[PDB]
Amino acid sequence: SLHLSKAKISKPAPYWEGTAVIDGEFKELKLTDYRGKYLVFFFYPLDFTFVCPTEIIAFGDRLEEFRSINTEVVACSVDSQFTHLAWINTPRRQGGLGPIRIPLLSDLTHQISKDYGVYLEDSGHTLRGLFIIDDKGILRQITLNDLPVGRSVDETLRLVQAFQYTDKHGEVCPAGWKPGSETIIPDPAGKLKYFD
Amino acid sequence: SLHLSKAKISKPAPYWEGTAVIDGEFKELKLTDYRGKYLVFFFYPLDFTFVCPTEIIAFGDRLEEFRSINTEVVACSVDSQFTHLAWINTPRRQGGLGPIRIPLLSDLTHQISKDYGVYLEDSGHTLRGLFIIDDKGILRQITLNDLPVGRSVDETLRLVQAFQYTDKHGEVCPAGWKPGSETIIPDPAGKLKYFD
Amino acid sequence: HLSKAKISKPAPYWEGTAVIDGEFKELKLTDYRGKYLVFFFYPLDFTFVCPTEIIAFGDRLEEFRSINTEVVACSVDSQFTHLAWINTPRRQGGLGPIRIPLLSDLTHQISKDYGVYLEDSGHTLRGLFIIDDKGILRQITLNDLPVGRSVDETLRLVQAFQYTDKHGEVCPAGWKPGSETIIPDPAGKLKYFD
Amino acid sequence: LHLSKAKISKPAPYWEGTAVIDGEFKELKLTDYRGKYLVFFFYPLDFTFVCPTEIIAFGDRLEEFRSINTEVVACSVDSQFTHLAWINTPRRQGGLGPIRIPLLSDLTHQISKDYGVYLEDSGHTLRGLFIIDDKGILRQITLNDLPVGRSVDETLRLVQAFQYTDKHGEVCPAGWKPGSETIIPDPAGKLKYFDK
Amino acid sequence: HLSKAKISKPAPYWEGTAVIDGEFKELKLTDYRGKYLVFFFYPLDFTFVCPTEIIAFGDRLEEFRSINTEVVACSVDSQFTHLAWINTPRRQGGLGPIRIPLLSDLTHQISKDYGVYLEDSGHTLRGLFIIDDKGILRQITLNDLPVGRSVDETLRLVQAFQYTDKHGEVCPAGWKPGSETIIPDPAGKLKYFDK
Amino acid sequence: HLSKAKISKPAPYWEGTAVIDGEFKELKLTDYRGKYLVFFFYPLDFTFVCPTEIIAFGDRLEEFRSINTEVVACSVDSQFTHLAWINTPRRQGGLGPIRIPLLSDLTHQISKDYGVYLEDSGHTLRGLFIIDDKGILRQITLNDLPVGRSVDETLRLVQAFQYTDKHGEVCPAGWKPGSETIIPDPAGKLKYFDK
Amino acid sequence: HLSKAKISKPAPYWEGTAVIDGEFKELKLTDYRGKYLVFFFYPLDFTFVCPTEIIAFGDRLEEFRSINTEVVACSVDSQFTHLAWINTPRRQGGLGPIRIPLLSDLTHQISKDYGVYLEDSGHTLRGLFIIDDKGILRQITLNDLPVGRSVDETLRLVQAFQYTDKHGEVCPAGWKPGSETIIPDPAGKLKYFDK
Amino acid sequence: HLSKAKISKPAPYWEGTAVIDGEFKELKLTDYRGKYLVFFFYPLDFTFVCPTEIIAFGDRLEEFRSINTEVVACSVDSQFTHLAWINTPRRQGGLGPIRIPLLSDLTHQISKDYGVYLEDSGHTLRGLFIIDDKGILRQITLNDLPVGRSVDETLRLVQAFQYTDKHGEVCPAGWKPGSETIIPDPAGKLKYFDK
Amino acid sequence: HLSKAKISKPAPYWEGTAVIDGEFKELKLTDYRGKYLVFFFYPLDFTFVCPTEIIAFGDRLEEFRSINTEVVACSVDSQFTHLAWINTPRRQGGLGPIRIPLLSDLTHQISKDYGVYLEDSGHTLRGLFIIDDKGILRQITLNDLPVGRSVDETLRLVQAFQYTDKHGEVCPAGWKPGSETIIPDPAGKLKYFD
Amino acid sequence: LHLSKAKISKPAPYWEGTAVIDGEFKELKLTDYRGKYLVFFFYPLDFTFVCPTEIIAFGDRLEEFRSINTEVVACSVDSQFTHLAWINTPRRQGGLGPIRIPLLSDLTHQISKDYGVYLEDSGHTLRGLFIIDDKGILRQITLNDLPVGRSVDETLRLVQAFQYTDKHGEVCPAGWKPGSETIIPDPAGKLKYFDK
């Protein structure tokens, strides 16, 4: 036994489609609906659990920071749309989500999880996997966390900003780059402007 | 064609061994040398390039922040040990590394890169892949960046700290957790202490 | 169409996490040896026909228990979702507290072994299995999604299998306790048919 | 492993053969029944025990099916010549006497095997009943071990229920009979049923 | 076209439920070791040529038993149909009481092993097998559906094989008890041909 | 055991050199279309039971011809051997003149196709085949080596197949021309059985 | 073209029934160990070139026996055919009495092993094999059907193999007993060639 | 053991470089259509029996050419070694000038196609093939290493095949021009055997 | 051991990035049609025998160019490492500026096609290939790691192949321009041997 | 594709056969040469052109190899009988005359094929030369197309070089001959050679 997935960095993100809960309603959603925008596509283990609601809420409460840089966010677990909706209709105080502006996509058949290489065969759900997909549908970044440890909205934002910067300019982003940081001309002569 | 690797989160990190440059000298190095400590094991594309030296230097200048939490750092590219050494002997001003305290591991056969799933078959080198491996040799975290965008030492530190926290305590780390942040008892009754 | 479930052969082994009296417990088919088991799958928590079936069996559990029969319900939902559904009031389509274990089949292994998994939907249809005290599968009832099962019919079948286990005689169409039975012999059958 | 071509919500597997209908041999085809519901049932063996009671039970209540546009066909592995002899045997001798339900012959066993009801060790079927709708789709499968007969009441209840759900945008609760409350399968609409 | 039945090899083993004297009994081929056996298949219970053949052998069973030979009939019908047929009077195409076991081959395994199963019809053709006291298949006769077998011919063949088992001579065309036989030797044969 | 001969299917095609009226001729199964054919194998020229069978049929050939039926015999021997055997007087176990073609199956292909070839012996058993005017195999009779076939039984079978080809009725056990037949119908059959 | 016969390897084992002095005997290749054997196939009994070859060798057998060499002939015909052919006078193309065994290869296995079997004809070509006292195949001669072999050439070959088995020298083209031979050495050979 | 060479089929095609009249020339089997060809392999240049055989055929080539037959010799040696051997005087085991083409089979393809290659030794045995004017293989003679072939026997065989090509009669054992032949007919044969 | 490189067959096609006059350029085997090519692999940049061989050929390039022959060196190193090595002074084991292209084989495809890739080491041995103006492979020289090649021997071979391409005659052992040649004919060869 | 068993730095493929040695046939084995260096070379064909010049070139300079503990063996597909005739042919006739180098025969072609020098279209070898060390390891492979002979000088230079590097911890630069400067294969030690 060894690890298989369709997700490859610099190649089109694996196509997905299914039912999502969007503003309390069931809707058809597909990867290609986001063509033209960056997409932060992330999986979480299970509705009605622990680290999961904090990550959905963390992104959800900061959604405008993504939308103002032309970036959408979609969360996905193996739960049904009916469980997603019941979880949204559970108050935050009870480990619920409350109203949420991020689509919750359902992957009940597990095909989307397997395609993205985040499915845990022994558990029947996913680990914490996040995928940054560009406006052309190309996969740029993959972040996979073991179960006990949540993700960072700050780090996700920095990555989206850096990919959009390098999309638009001839230069590349050094370690720890934030908007306004110095960049490098990827040329053996050009690079010296940065290194001096 | 689809994506293969031996690296699986919650399973032992794929074994590796080879020649590294360690304090200007060639030495035998192997994954199991780090048993007993956390390891941040990361690949970078190519010696004498652009984003690569900034990431090695960023980690290298902050190495004591890793060592004080019982964590080592190893960098790896497909370059030979001789190229690594020549790069270390190149002043930072010329895009060189200068003296460095992080081992530079050589993966000339590409077997280590393929095992870790970071090898780019069309390019002959790796993308930017970072792996956090615990003191028991188990893989906890995988971060893969497309070429133009460097990694973050801050985010790597936060992850190491969070994994070590959840190793030691019964609780799990919510989104954006830093030392001193609130955590959750992964219990449907216990969790309410956090959510209230 | 493939399955391990075959009438008159041992029921396919299963094990997993169930919610039992509000708590997570490991549950196994072998825990039921010595008793009859009604083991049924329903599609999805927080749906429509499913709560009515679970509630129907739960509220009538004593009619099974007084004839040495237990009842277990299973869906592909997680134990965390099972528990949330139980903590949801009946008038909201929830289960309320419930005396029947809710087995979780997240990996879909159990559903596939039993032949009830719908590949294109990601959940089960309405599949019910009657398993005897020796662990042998006696009865399979599979319903399409829109139509619920009958506790009365399920009880009748359990009683009939128990009657025929105990007695040398067999059970005619519609048999209920107190109805005529047949000696399965070419000469003996005549006492029934005359 | 158990193989079968019968799958709920797919076309019932096609069959054709010789049946005894009103004392005569006739070619009978599953497609003869398009436009009507069909109760299609297998019984182990002619000149046995539970089998005649099930055939007579359905036969004597046949107008109850015919008034809801539903036909009934019985099948065993016996030849048509044996079916005809069994019919010509008085009910008091465990014969059928005259009957209005066709007795389909499956001498080659291909029909039994297609329906997943054939017993390889025994050479005849178990007690398998199949409810097929007017569009030829399989809706319901009931398999009994040998000792225990089926119920006409229950078969009637199921036919009625499938026909109700075909016509209405509502679904049938546990134990539903004509005149019982039904549910709207929507997370908001469902409450009309549950609030009670 | 395949079967396990080969002349001069052990007849393929069989076992199943037969109706014997109105009762269900387990019957096996090895129950006949030490006797010749005429083992024959017929298409279907409650048909036409089949009852005449079963009755013809049954009514003449002593002609077999007095030469240490038994007769068993087999079809794909169940033992319950066999018994019903037996309980049907001859005038109605029934068998009446019968002294020959009626073997049931519901699973079709025996028929296929004997190479007599018709895949398109779900029953056997008219196949008859003569098996010696050591269990070796000596003779195979297979008829299409419309034409019954001959008890006289079957008797002739059993008698011929028993004669050749016992003596060193072989049986000419049309041989009956009392007929001339041949010494199977290029010199010895001349005693027969020079007449 | 493998063969292409199956009852109710076209008899397997054969062609080869036969000795006919002391001459070598090409003969084909399809030469016989439009008439019944009795096609039978015998083990070996210059042996024992084999000549008696060829002579038995040959001496009674007009009984076949007068019911539109031909007879062809076949062994694995060459046509040169067949002709020598015909040219050997009956009293030395020879055939003498004969009116039945002796087909040669030197390559063994015909014997194998008919499932009568004995791999350990290099020759056939005694296999007889009745083939109708349409080329359909109707009857198969296989004898172990020591026991010869019967001309009477062969005639009876051919007459019975021709009767059932021509009429709606089927032939009971032991049927001969003039015997009662059965209407193969649950109602019609009662004419025969009601006794 | 497939065969097990290879020069300088053990001749392929054979066994079968042969006619020897008018009797059927089991004969085996290994019966001939310790002597040379001329083993030859001929197409068919009761034919044309075949009897002349058998007679040619048979009439000159003492020339073989006196160099410790036996002769065995084989065709696909049966032993019964072989005996009839021996019992047919030479003037009718028969063999008459003969002192060479006639081996029967009825199953065709021996012919196939020797690569002489003609699949389209069902019999062999004219293949002759010279096998030494150790069972090693030394010589292979295959003729198409129309042309017979030579007893003189066969003797010459056997004498030459026996000479080279016994001496250090090899036999030139056309060598007969008494002819010059060659020392198979770059230096030694010059004794022969220096002319 | 495998080869493409089969009697009564087209001889396997070959082509390569031969030494002809001291020169290198491309030679192909089809260059001989319209003539008989004696095509023979010998183990190795600069050996022992081989020069005697090549010289024996060469010195007698007119005996072939006057019956419309050509002779070609072949070994696995290169054409350069063939020419060196030719330029070696006979007294030294050389060939001297020769009128027969010496074909080179360095790749071994021709030898393997003809079934004469010895895998353990890297050269051929002594294999001779007679091919008719239509290109059909008529005769195969294979000798173990120590024993040469006969020009006289080869001539006899070519003459016999040409005789049987031309006339309807076949050649008895030891046939030479002038000898009695046989009409291949069971009646016609009697004109030969009755003498 | 597998390779696509076969003497007297077209040299295996290659293409990749080379450093040529300090810049990255796409280079292809087909760019050399019309000329002889000396195409050689060396193990690794910043090593020991390798710079001496590259420098030996570079400093003597005119001896190849004046006979219509070009020279290309290849290792598994990146073009970025090739360029750094060129920007390293000779006295430090660097190449200094160089007039011979340095082809990069990072993917190892070219090395494998040429049969010179060492699986356990991740780089090539010392493999040199002489390819004629029609793109046909004429000569293969493979050295174990510790021993460098000879520009004098390589030049001799190029000259000999060019001589025999032009003339009907062949080149004896040790042949240099001006040495005796042989007519490859059994009669003609005698003018040489007498 | 080109197949061969000959690999540099692995044991030279074993061979054995009949050779002509001092006018006589003798069994010769690769392992006869253990303890000594071996120059093992193939030539196309006896009684040809370049081949005799190479054999004589090596033969006349054989003491130059013998004084450095190195033996020479030549091989072609010709038989031993042809080798012997060629030897017994005067040099003036393109013969070899007497020679001190064994001529190994490879009639079956197995040796040529094992060494990857056999030409399938032609049935003989190209000009392949192999330098095998005293431990039986293959060090050097030189393959020439047919028209062009090999050099004894160069073969000598290579033998000397491999023997020098076997004994010393230094390696041989391009064009090395006895008495030439060598390099210490260490990044520090190398400078002693390069600083010049």
Side-chain angles (χ1 to χ4, degrees), chain B residues 1 16-21 24-26 28 43-54 56 76-98 104-115 118-127 147, chain I residues 14-19 22-24 26 41-54 74-96 102-113 116-125 145:
Chain B
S1 184
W16 51 261
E17 60 176 46
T19 308
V21 176
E25 261 184 320
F26 301 147
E28 301 160 345
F43 297 83
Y44 63 92
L46 291 176
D47 293 11
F48 298 99
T49 58
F50 318 114
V51 174
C52 310
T54 76
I56 296 153
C76 179
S77 80
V78 290
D79 301 279
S80 85
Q81 61 269 37
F82 305 96
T83 297
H84 289 343
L85 186 58
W87 199 27
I88 287 159
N89 295 336
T90 299
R92 275 182 187 187
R93 100 190 87 263
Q94 286 316 232
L97 281 187
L104 301 180
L105 172 74
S106 161
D107 185 32
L108 221 35
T109 65
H110 308 165
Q111 196 59 66
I112 298 167
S113 296
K114 294 176 168 166
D115 281 356
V118 297
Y119 184 63
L120 307 166
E121 270 280 332
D122 291 344
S123 301
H125 58 77
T126 68
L127 41 65
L147 279 2
Chain I
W14 53 257
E15 67 181 17
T17 306
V19 183
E23 294 176 30
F24 299 150
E26 168 153 61
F41 293 88
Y42 61 94
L44 289 177
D45 292 6
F46 296 101
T47 60
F48 324 113
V49 173
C50 322
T52 77
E53 296 178 310
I54 298 157
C74 182
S75 80
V76 297
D77 301 278
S78 87
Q79 61 271 39
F80 300 97
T81 296
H82 285 344
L83 182 62
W85 202 21
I86 286 159
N87 298 330
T88 305
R90 274 182 192 190
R91 63 200 181 270
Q92 305 185 25
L95 290 183
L102 294 185
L103 182 69
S104 173
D105 185 37
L106 268 182
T107 66
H108 306 159
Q109 174 190 288
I110 303 162
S111 300
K112 289 177 183 175
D113 285 353
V116 296
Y117 180 65
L118 311 163
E119 289 275 356
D120 294 312
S121 300
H123 60 77
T124 72
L125 46 60
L145 269 16

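So that the names make sense, note that chain A is the first sequence line, chain B the second, and so on, each numbered from 1.
For residues 77-89 of chain I, the interface with chain B (any heavy-atom pair closer than 4.5 Å) comprises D77(I), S78(I), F80(I), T81(I), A84(I), sorted by residue number. Against chain I, the residues from residues 45-54 of chain B that qualify, each with a non-hydrogen atom under 4.5 angstrom away, are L46(B), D47(B), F48(B), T49(B), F50(B) in number order.
At most 12 non-hydrogen atoms from other residues, nucleotides or ligands lie less than 6.0 angstrom from CD of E28(B).
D115(B) is linked by a side chain to side chain donor-acceptor pair (under 3.5 Å) to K6(B), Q111(B), counting only residues two or more places apart in sequence or in another chain. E25(B) pairs by the side chain to side chain contact (heavy atoms under 4.5 Å, CB included) definition with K27(B), not counting sequence neighbours.
Of the listed residues (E119(I), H108(I), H123(I)), the one with the most heavy-atom contacts under 4.5 Å to chain B is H108(I). Of the residues considered (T107(I), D120(I), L118(I)), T107(I) shows the highest number of contacts with chain B, using heavy-atom pairs under 4.5 Å.
Looking at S123(B), the atoms closer than 4.5 Å to chain I (heavy atoms on both sides) all sit in the backbone: N, CA, C or O.
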